[PDB]
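Written below as structure tokens is the structure these notes are about.
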Amino acid sequence: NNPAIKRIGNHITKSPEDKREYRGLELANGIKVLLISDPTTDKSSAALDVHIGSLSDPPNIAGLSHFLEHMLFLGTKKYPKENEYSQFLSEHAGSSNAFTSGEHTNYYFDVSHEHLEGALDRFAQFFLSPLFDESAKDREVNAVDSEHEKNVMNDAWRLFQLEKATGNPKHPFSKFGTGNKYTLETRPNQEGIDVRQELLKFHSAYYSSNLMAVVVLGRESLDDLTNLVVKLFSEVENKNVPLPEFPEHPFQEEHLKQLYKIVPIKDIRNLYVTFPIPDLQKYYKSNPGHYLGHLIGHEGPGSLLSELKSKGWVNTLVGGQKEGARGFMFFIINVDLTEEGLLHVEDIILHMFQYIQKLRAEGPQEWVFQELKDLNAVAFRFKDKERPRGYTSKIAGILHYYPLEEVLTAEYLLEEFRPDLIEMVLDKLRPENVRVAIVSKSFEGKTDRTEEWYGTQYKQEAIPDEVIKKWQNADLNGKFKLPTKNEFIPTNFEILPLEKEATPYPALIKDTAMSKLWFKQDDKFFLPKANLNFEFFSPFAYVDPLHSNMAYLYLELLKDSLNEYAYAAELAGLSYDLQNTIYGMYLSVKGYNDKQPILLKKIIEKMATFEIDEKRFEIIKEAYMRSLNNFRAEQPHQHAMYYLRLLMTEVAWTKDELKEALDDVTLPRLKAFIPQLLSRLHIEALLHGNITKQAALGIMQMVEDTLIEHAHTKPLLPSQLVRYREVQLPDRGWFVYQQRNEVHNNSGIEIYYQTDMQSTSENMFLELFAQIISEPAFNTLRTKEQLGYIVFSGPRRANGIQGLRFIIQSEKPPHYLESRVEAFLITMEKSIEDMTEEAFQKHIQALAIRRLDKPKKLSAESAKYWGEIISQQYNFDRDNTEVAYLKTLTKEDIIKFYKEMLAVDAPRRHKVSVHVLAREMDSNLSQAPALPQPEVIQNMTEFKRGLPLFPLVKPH
Ligand SMILES: O=C(C[C@@H](Cc1ccc2ccccc2c1)n1nncc1CNC(=O)c1ccc(F)cc1)NO
Ligand SMILES: [Zn+2]
């Protein structure tokens, strides 16, 4: 009966396993809405997607849409306090973010379920009368600048913008979307433009209700959620804006048959093949692009990748359709290159067209389409329950593209096989439509062009007629076959009954010298899935840099070897992860439980009986070398976190130590290493999901039996199972470690205040203190002082120890950042002494909500248990215990904690600082306190030698 509602879709197609309730509707002002009712959710959430993006930026103000997106957070007419939005979310267990693409601006938040209306109301205001405060504008432009600078020396962004720069300049596709101080402040000042008017002009003109989709999720009924949404959003004005479309492709004839040679920052070797194609979005019911991408990107036997990998030319391949905008898209084939591959780009591409030609010969395969359909069907039926925040943002995005009743299924289900469209798309993948780009350091000094925004060094050539002609005449290579029927498709979806002796938390159901087995039968989610987690402990995994390298290469080679076999299983919703740790090996198998034992057995056998291919060994090692080198190109704030991890751990091998020892890794030494590594192990496992206790025991026994039979594995001694300790810093100590980032012209800094061994009391002092300072830290260090885009504060936990950490990436020198953080702490000391008891309890409640938030999917709950197990703390009921203690803390308790552990003149202050200087830097408002002379760390080894080591935390 409501006049504010144009239409109400009551049957929203969902999965039969989804317990959440849905109602879609279209408001009178044209807003498409989806309501999600979940009476169990601990956090509520909303999201709004505007169908305008950076592609609609004014030509004279690059990055206006992105900039506008930052500004909406900084105040509205109804809520004028600059950080009201962020502070409210913080005080109620919430959080918020947004992003800008070429065609979308997407805003989202979550919050304690009891405060949805308050959050949603403050949120709705973003879209009616934001302030765009001139003072805030002048500040937040710096955050955007900082965000861009961060991307300037990043190879992904450089190539991203380079593609745009090599097509039609007249086309909106060529726009620089991020923006920076120049395009947002500096140039607009030369040209006398009022940026604040431009923000208001843009907001008013494009942020129309007809271009908006909204998704809200809470405990409230569908009826109540309707009243709430309608009340707040029907007030949004409808300017009846036409939806932008871009019918003309950014790549015209002059832009085809072109080759680009590009110099990267990292030492990487990549080949990009790109085919311009028509917008395939309408064909979404058949999805011709996904069909073709499925085949061209296949990694099993007979595939394009298989042959290229055997030729020793590539290691990995990506293929398929790539989004552009409304009216144009891309089909791409990207491979990485071996040293050999780099000298065979022409032959590689020939092989690409040979495979495409195979597809034309056989023509569309309906069983293939039918297979994809049925997998997606099963995928959708047994879909994991999503986290609200991401779910609402995802859906608010696609409401623009599908009927209300179809949004949930739209991105999952294939409906009708259309070979006519497949052939049509396949017809665009020809040499006369190709663009080729090669990324390699080998082009250094040989380029004649510069992209103006990032400065990328490149050369452009026309592909020779001879070569194009050669590609057009591609004969059928007998090495290329269509994929076989997927043998890993699951068939047994039976949910095993809950055993009588079943337990709420994992139970230790096996405890021998060989292995410690933790088991839980799923009692929450009831999907036909299981998680199998294994830690293999061995001293020889991390005993020195050389052996660390070999543990890595061992597992990489093993994965490279299994890829063809396991790729199918991956498509059938059964994946595995295998990586080396500082304690040995980690192996996880996740997915549909039906065929898990088959893949698991295959992996353990491959481990125990592995025969290294020498050609594969040389290639992977070479890549691993560059991998170590390329760390030089990581962000400063990452270098900072890295160096700190090195400093504070008992044992740690640096990139340089590893890279030197790499040269000494020969095939013989690796072949010797593996049987040595496997000879003595301890296995600690978590088996959690749709399995019974006997099944679990059976799985564990196979793993042991396989290792014993093929590798002659024997148990470790209990005395060999020592975990590493954390360096115990002296009272009132302050150490500083300094490094330079050779790639980036930003500086980084991490500050670590080491409190003490983890324990219920110490844990909750830190966590509560961190909760209280969280929002203020962001608002002060970034929003007010604008030190940088990346500003972070929070707990740090390692080796059973913990402390408070600040992480900042800035253009200012680290020694400056030091004072500002220190200045801030004093600000917080006074702020807390002032805050009301009611405000203090608010934070306690917020922290509690965050800690008690239930896991929504099996993998989240398993990760939670697994954390307790590898940490050797085994505190599975931790949350109830720790939250309960939390509620008994007082303001006076936290003040004592601060005055004793954290304050500048605290008796037990334990501070270490890592400073990463920018590329060009030199060696070195509220009032900042005076700081003591810091002990400059000259040498990590010398540093650790002079300090004691903490104990290890005792198990529960
Ligand atoms: O920049 C953006 C979105 C992010 C930028 C952003 C947000 C969070 C980050 C956390 C760690 C490191 C960098 C980060 C960068 N952004 N843009 N405008 C506001 C925000 C963050 N919004 C918040 O409400 C917030 C965030 C953190 C907090 F503690 C309290 C409130 N889109 O382009
Ligand atoms: Zn941003």
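The sequence shown runs 43 to 966, 980 to 1011 under the UniProt record's numbering.
C-beta: ideal position from N, C-alpha, C; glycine also.
Residue range of the beta strand (DSSP E) that includes residue i
i: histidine 952; result: 952-959
i: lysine 571; result: 571-579
i: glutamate 726; result: 722-731
i: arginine 839; result: 832-840
i: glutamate 692; result: Run containing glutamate 692: none; DSSP gives neither H nor E here.
i: residue 1016; result: Because residue 1016 is not part of the residues shown, which for the chain are 43 to 1011, the question remains open.
i: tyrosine 150; result: 147-154
i: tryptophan 560; result: 557-563
i: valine 481; result: 477-481
i: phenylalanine 141; result: 137-142
Supposed close pair residue i, residue j - CB separation, criterion 8 Å
i: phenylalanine 202; j: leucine 114; result: Contact doesn't hold; Cβ gap of about 25 Å is too wide.
i: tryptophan 355; j: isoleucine 390; result: 6 Å
i: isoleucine 374; j: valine 315; result: 6 Å
i: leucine 620; j: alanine 727; result: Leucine 620 to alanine 727, Cβ: 14 Å. No contact.
i: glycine 830; j: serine 188; result: 5 Å
i: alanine 479; j: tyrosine 607; result: Contact flag wrong, Cβ pair sits at about 32 Å.
i: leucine 274; j: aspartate 163; result: 6 Å
i: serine 216; j: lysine 206; result: 5 Å
i: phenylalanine 317; j: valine 476; result: 6 Å
i: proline 532; j: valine 707; result: About 40 Å separates the two Cβ atoms, so there is no contact after all.
Residue i and residue j closer than 8 Å at C-beta
i: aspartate 919; j: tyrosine 547; result: yes
i: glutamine 800; j: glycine 842; result: yes
i: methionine 627; j: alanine 583; result: yes
i: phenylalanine 522; j: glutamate 279; result: no
i: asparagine 528; j: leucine 450; result: no
i: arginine 62; j: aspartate 84; result: no
i: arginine 423; j: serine 57; result: yes
i: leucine 76; j: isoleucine 47; result: no
i: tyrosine 248; j: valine 271; result: no
i: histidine 213; j: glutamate 159; result: no
i: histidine 730; j: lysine 488; result: no
i: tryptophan 776; j: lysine 953; result: yes
i: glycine 221; j: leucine 106; result: yes
i: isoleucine 645; j: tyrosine 618; result: yes
i: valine 467; j: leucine 686; result: no
Bounding residues of the alpha helix (DSSP H) (the contiguous stretch that carries residue i)
i: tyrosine 496; result: That residue, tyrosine 496, is in no alpha helix (DSSP H); it is neither H nor E in DSSP.
i: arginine 229; result: 229-232
i: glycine 432; result: 430-440
i: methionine 466; result: 461-468
i: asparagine 922; result: 920-928
i: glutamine 239; result: 237-248
i: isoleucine 645; result: 638-650
i: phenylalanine 411; result: 408-423
According to DSSP, residues forming a beta bridge with residue i
i: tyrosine 794; result: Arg847 and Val954
i: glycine 66; result: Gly51 and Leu76
i: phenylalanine 777; result: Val954 and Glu990
i: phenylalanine 317; result: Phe373
i: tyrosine 618; result: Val631
i: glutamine 718; result: Answer by DSSP bridge pairing: none, since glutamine 718 is not bridged.
i: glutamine 363; result: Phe373
i: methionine 254; result: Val92
i: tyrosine 302; result: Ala479 and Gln502
For residue i, the three-state DSSP class (helix, strand or coil)
i: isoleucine 338; result: helix
i: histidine 857; result: helix
i: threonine 220; result: coil
i: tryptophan 199; result: helix
i: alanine 504; result: strand
i: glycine 626; result: strand
i: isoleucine 815; result: helix
i: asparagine 280; result: coil
i: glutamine 762; result: helix
i: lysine 756; result: strand
i: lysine 999; result: helix
i: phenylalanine 582; result: helix
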